[PDB]
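With compact mmCIF, C-alpha atoms inside, this is start01.txt:
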# COMPACT_ATOMS: atom_id res chain seq x y z
CA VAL A 2 68.67 16.61 110.83
CA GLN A 3 67.86 16.06 114.54
CA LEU A 4 69.44 18.83 116.67
CA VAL A 5 69.40 18.26 120.47
CA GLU A 6 70.52 20.88 123.00
CA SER A 7 71.38 19.89 126.57
CA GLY A 8 72.89 20.86 129.90
CA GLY A 9 70.88 23.93 130.93
CA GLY A 10 69.68 24.54 134.47
CA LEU A 11 68.81 26.87 137.34
CA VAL A 12 71.95 28.48 138.72
CA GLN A 13 72.98 31.68 140.58
CA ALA A 14 74.38 34.90 139.13
CA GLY A 15 78.19 34.67 139.09
CA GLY A 16 77.90 30.93 138.31
CA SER A 17 78.75 28.83 135.24
CA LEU A 18 77.16 26.41 132.76
CA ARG A 19 78.28 24.37 129.74
CA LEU A 20 75.67 23.80 127.03
CA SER A 21 76.02 20.97 124.50
CA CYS A 22 74.46 20.35 121.08
CA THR A 23 74.58 17.02 119.18
CA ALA A 24 73.96 17.49 115.41
CA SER A 25 72.69 14.12 114.07
CA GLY A 26 70.51 12.50 111.40
CA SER A 27 70.51 11.26 107.80
CA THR A 28 71.85 14.45 106.16
CA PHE A 29 75.21 16.21 106.23
CA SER A 30 74.80 18.54 109.27
CA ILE A 31 78.15 20.40 108.85
CA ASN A 32 79.72 21.46 112.16
CA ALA A 33 80.03 25.24 111.63
CA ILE A 34 77.16 25.75 114.11
CA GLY A 35 76.28 28.65 116.44
CA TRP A 36 74.03 29.52 119.42
CA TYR A 37 70.75 31.40 119.68
CA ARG A 38 69.14 32.99 122.76
CA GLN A 39 65.38 33.60 123.19
CA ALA A 40 64.65 35.72 126.34
CA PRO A 41 61.17 34.87 127.82
CA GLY A 42 58.62 37.20 126.20
CA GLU A 43 60.84 38.00 123.20
CA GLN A 44 62.00 36.56 119.85
CA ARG A 45 65.18 34.52 119.17
CA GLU A 46 68.39 36.49 118.64
CA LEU A 47 71.96 35.25 118.07
CA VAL A 48 74.79 35.15 120.64
CA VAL A 49 77.53 33.44 118.60
CA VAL A 60 81.91 34.56 122.32
CA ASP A 61 80.75 37.08 119.66
CA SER A 62 77.97 39.32 121.07
CA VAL A 63 79.78 41.74 123.45
CA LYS A 64 81.03 39.13 126.01
CA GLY A 65 84.39 38.33 127.57
CA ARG A 66 82.55 35.45 129.26
CA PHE A 67 81.26 32.86 126.75
CA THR A 68 83.39 30.35 124.83
CA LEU A 69 82.43 28.35 121.74
CA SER A 70 84.22 25.02 121.37
CA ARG A 71 83.78 21.77 119.44
CA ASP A 72 84.39 18.02 119.52
CA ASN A 73 84.43 16.87 115.88
CA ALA A 74 84.66 13.23 116.95
CA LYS A 75 81.13 13.58 118.37
CA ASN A 76 79.41 16.18 116.21
CA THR A 77 78.89 18.22 119.35
CA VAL A 78 79.18 21.95 119.96
CA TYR A 79 79.73 23.47 123.40
CA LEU A 80 78.97 26.85 124.93
CA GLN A 81 80.84 27.47 128.17
CA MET A 82 79.12 30.23 130.12
CA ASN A 83 80.96 31.96 132.97
CA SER A 84 80.07 35.00 135.12
CA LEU A 85 76.39 34.39 134.38
CA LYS A 86 74.08 37.40 134.68
CA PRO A 87 70.24 37.43 135.05
CA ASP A 88 70.22 38.98 131.54
CA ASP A 89 71.47 35.62 130.19
CA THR A 90 68.22 33.88 131.23
CA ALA A 91 66.68 32.50 128.02
CA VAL A 92 65.92 29.36 126.02
CA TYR A 93 69.16 28.35 124.31
CA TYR A 94 69.31 26.81 120.81
CA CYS A 95 72.05 25.78 118.37
CA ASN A 96 71.72 26.24 114.56
CA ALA A 97 73.76 27.40 111.56
CA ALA A 98 75.11 30.96 111.76
CA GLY A 101 77.46 30.58 104.77
CA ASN A 102 74.94 27.84 105.67
CA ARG A 103 71.43 28.51 107.05
CA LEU A 104 68.20 27.11 108.49
CA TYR A 105 68.41 23.63 109.95
CA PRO A 106 65.23 22.54 111.87
CA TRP A 107 65.28 23.80 115.52
CA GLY A 108 65.38 21.39 118.46
CA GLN A 109 63.43 21.66 121.73
CA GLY A 110 66.26 23.87 123.13
CA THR A 111 67.59 24.03 126.66
CA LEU A 112 66.40 26.42 129.38
CA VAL A 113 68.89 28.63 131.25
CA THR A 114 67.70 30.49 134.36
CA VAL A 115 70.16 32.83 136.13
CA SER A 116 68.76 33.60 139.59
CA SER A 117 69.64 36.66 141.59
CA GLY A 118 68.59 38.26 144.88
CA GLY A 119 67.26 41.82 145.25
CA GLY A 120 69.32 44.74 146.56
CA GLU A 128 75.18 45.40 158.05
CA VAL A 129 73.17 42.25 158.76
CA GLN A 130 74.31 38.91 157.35
CA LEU A 131 71.33 36.69 156.53
CA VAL A 132 72.05 32.98 156.22
CA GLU A 133 69.56 30.47 154.80
CA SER A 134 69.38 26.77 155.72
CA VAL A 135 70.19 24.26 152.99
CA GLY A 136 66.73 23.46 151.56
CA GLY A 137 66.44 20.02 149.97
CA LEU A 138 65.52 17.55 147.26
CA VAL A 139 62.04 16.33 148.10
CA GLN A 140 59.20 14.51 146.44
CA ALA A 141 55.95 16.23 145.41
CA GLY A 142 53.32 16.53 148.15
CA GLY A 143 56.14 16.33 150.63
CA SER A 144 57.03 18.93 153.19
CA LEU A 145 60.20 20.93 153.82
CA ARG A 146 61.29 23.69 156.22
CA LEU A 147 63.48 26.64 155.30
CA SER A 148 65.19 28.65 158.01
CA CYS A 149 66.86 32.03 157.96
CA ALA A 150 69.12 33.67 160.58
CA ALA A 151 70.72 37.09 160.92
CA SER A 152 74.32 36.61 162.07
CA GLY A 153 75.35 40.24 162.55
CA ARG A 154 72.38 41.60 164.52
CA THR A 155 69.09 41.12 166.37
CA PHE A 156 66.55 39.96 163.80
CA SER A 157 63.55 40.81 166.08
CA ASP A 158 63.45 44.36 164.69
CA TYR A 159 63.18 43.31 161.01
CA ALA A 160 60.34 42.46 158.67
CA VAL A 161 61.53 39.30 156.97
CA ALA A 162 60.39 38.08 153.56
CA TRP A 163 60.94 35.04 151.41
CA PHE A 164 61.30 35.49 147.64
CA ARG A 165 61.93 32.73 145.09
CA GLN A 166 63.02 32.32 141.49
CA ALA A 167 61.92 29.28 139.54
CA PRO A 168 63.11 27.97 136.16
CA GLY A 169 62.05 30.29 133.37
CA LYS A 170 60.13 32.73 135.55
CA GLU A 171 60.50 36.14 137.16
CA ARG A 172 61.56 36.41 140.80
CA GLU A 173 58.40 36.42 142.90
CA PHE A 174 57.30 37.40 146.40
CA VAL A 175 56.39 34.36 148.53
CA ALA A 176 55.77 35.56 152.07
CA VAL A 177 56.55 38.13 154.79
CA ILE A 178 56.23 38.43 158.55
CA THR A 179 56.32 41.72 160.47
CA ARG A 180 58.24 42.57 163.64
CA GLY A 181 56.42 40.88 166.51
CA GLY A 182 54.97 38.37 164.05
CA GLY A 183 51.38 39.59 164.22
CA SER A 184 50.98 40.16 160.48
CA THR A 185 51.74 37.57 157.74
CA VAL A 186 51.08 37.87 154.02
CA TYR A 187 51.28 35.12 151.37
CA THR A 188 51.32 35.24 147.55
CA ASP A 189 48.15 33.63 146.26
CA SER A 190 49.74 30.50 144.81
CA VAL A 191 50.91 29.44 148.31
CA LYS A 192 48.07 30.50 150.63
CA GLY A 193 47.04 27.01 151.80
CA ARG A 194 50.48 25.41 151.87
CA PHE A 195 53.33 27.54 153.27
CA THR A 196 53.52 29.13 156.69
CA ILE A 197 55.98 31.84 157.67
CA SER A 198 56.90 32.24 161.32
CA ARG A 199 59.73 33.40 163.59
CA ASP A 200 61.43 32.62 166.88
CA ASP A 201 63.05 35.88 167.98
CA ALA A 202 64.72 33.92 170.76
CA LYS A 203 66.61 31.86 168.12
CA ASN A 204 67.19 34.94 165.93
CA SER A 205 65.60 33.24 162.97
CA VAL A 206 62.63 33.08 160.61
CA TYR A 207 61.16 29.94 159.05
CA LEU A 208 59.21 28.98 155.93
CA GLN A 209 57.30 25.71 156.42
CA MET A 210 56.46 24.35 152.99
CA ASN A 211 53.65 21.82 152.60
CA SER A 212 52.22 20.01 149.61
CA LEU A 213 55.26 20.67 147.52
CA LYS A 214 54.63 20.94 143.80
CA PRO A 215 56.78 21.28 140.65
CA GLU A 216 56.02 25.02 140.66
CA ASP A 217 57.89 25.31 144.03
CA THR A 218 61.28 24.28 142.58
CA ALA A 219 63.38 27.49 142.71
CA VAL A 220 66.21 29.30 144.44
CA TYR A 221 64.65 30.64 147.70
CA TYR A 222 65.92 33.92 149.18
CA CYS A 223 65.46 35.31 152.68
CA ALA A 224 65.24 39.11 152.84
CA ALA A 225 64.85 41.70 155.62
CA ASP A 226 64.01 45.39 156.18
CA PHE A 227 63.64 47.71 159.18
CA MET A 228 60.12 49.12 159.49
CA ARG A 229 58.17 51.78 161.43
CA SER A 232 56.61 52.22 156.88
CA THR A 233 54.05 50.16 154.93
CA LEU A 234 54.37 46.41 154.39
CA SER A 235 55.78 46.01 150.84
CA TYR A 236 55.90 42.97 148.50
CA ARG A 237 58.57 44.28 146.09
CA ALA A 238 62.14 43.00 146.26
CA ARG A 239 63.28 46.60 145.79
CA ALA A 240 61.97 47.48 149.28
CA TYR A 241 64.31 45.19 151.23
CA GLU A 242 67.88 46.21 152.00
CA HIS A 243 69.20 42.85 153.25
CA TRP A 244 69.42 39.60 151.29
CA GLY A 245 70.51 36.02 151.87
CA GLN A 246 72.75 34.26 149.39
CA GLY A 247 70.02 31.89 148.18
CA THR A 248 69.11 28.26 148.83
CA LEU A 249 67.94 25.63 146.30
CA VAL A 250 64.72 23.64 146.62
CA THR A 251 64.11 20.79 144.22
CA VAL A 252 60.79 18.92 144.02
CA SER A 253 60.77 15.59 142.20
CA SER A 254 58.23 12.88 141.52

The structure in this file should be written as structure tokens.
Amino acid sequence: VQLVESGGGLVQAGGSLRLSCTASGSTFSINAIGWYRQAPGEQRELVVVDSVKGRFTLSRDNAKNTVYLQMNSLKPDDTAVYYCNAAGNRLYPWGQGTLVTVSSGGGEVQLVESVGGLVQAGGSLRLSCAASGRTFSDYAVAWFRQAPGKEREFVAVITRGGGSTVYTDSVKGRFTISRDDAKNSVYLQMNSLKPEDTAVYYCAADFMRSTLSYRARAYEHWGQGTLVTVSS
């Protein structure tokens, strides 16, 4: 038996994914299969349209020996490595799995992020963020990001007046945060892009003067999210 799971990705909360599983090989591989979910830093558990969800749907295409999990109204809780196997029958050999990462911002002003991009490693890229409802001068503005199969992390922040900037260690040489209060925006210049930089980036703002915080929980205002993809 050669199980292969497919079709995972990095998506936003509220979004949707369809996972597929092709049972193959030189033995029977009966198609009464199910899905298993291993949350990062925990052991595999089972999920099946069964486990307390009006949101997932198990479905089949016998012609293909494929099983399908349609996932709607995704929550950050559904982040995990996803695997098909028996769930009667038992214990086929597990396949590599497929990774599912459901990104989410923390937490008036309406922050809007520029589009981001698909860019090759060691390239550059420039994110921009703009408050639409209000004067952004007054706000401390941070960037957070959420990469595949990781926790949401602090990237960078700039204070009102721009005289204080702080970067997470993994970025110190590469990204620069800055602002043009005249254009009502903040910018993240991203240099020497690397696989680790692929994530959903989030702009976030808070009114200060207070101590300069690096927790998402400290920031009332949050962009929708913008996707950065580094290839090579």

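Relative to CA of residue 115 in chain A, CA of residue 67 in chain A is found at 14.5 Å.
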
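In terms of minimum interatomic distance to residue 6 in chain A, A:77 ranks closest within A:130, A:196, A:179, A:77, counting all atoms listed in the file.
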
- Message: Which residues are near range 149-153 of chain A? Cut-off 6 Å, all atoms listed in the file, ignore same chain within fewer than 2 positions. Put them as a list in words.
- Response: residues 129, 130, 131, 132, 133, 156, 204, 205 and 206 of chain A

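Take the candidates A:147, A:117, A:170, A:91 and check each one against residue 43 in chain A using all atoms listed in the file; the shortest distance goes to A:91.
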
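Between CA of residue 142 in chain A and CA of residue 254 in chain A lies a distance of 9.0 Å.
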
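Remark: residues at most 12 Å from position (57.6, 18.4, 153.5) in file coordinates are residues 136, 137, 138, 139, 140, 141, 142, 143, 144, 145, 146, 147, 194, 195, 196, 208, 209, 210, 211, 212, 213, 214, 217, 250, 251 and 252 of chain A, using all atoms listed in the file.
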
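Proximity to residue 87 in chain A was assessed for A:39, A:233, A:248, A:114 counting only C-alpha atoms; the smallest distance is recorded for A:114.
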
- Restricting the calculation to all atoms listed in the file, which member of A:166, A:31, A:98, A:243 is positioned closest to residue 61 in chain A? A:98

- Query: Which of these, A:27, A:89, A:22, A:103, has the shortest distance to residue 69 in chain A once you count only C-alpha atoms?
  - Reply: A:22

- Query: Quick one, how far is CA of residue 70 in chain A from CA of residue 41 in chain A?
  - Reply: 25.9 Å

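Residues lying within 6 Å of residue 176 in chain A, counting all atoms listed in the file and ignoring same-chain neighbours fewer than 3 positions away, are residues 162, 163, 186 and 187 of chain A.
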
Shell around residue 44 in chain A at 12 Å using all atoms listed in the file, local window under 6 positions removed, as a PDB file with C-alpha atoms, in the frame of the given file:
ATOM      1  CA  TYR A  37      70.750  31.400 119.680  1.00  0.00           C
ATOM      2  CA  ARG A  38      69.140  32.990 122.760  1.00  0.00           C
ATOM      3  CA  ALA A  91      66.680  32.500 128.020  1.00  0.00           C
ATOM      4  CA  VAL A  92      65.920  29.360 126.020  1.00  0.00           C
ATOM      5  CA  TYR A  93      69.160  28.350 124.310  1.00  0.00           C
TER       6      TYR A  93
END

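For residue 178 in chain A, the residues within 8 Å (counting all atoms listed in the file, excluding itself and residues fewer than 4 positions away along the chain) are residues 160, 161, 162, 182, 183, 184, 185, 186, 197, 198 and 199 of chain A.
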
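With all atoms listed in the file as the atoms that count, the minimum distance from residue 49 in chain A to the choices A:5, A:33, A:74, A:16 is reached by A:33.
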
- Shell of 7 Å around residue 8 in chain A, all atoms listed in the file, local chain residues under 2 positions omitted, as JSON, numbers by chain: {"A": [10, 19, 20, 21, 111]}

Given 6 Å on each side, where is the centre and what are the edge lengths in Å to one decimal of the axis-aligned box enclosing the listed atoms of range 46-65 of chain A, as lines of an AutoDock Vina configuration file?
center_x = 76.4
center_y = 37.6
center_z = 122.8
size_x = 28.0
size_y = 20.3
size_z = 21.5
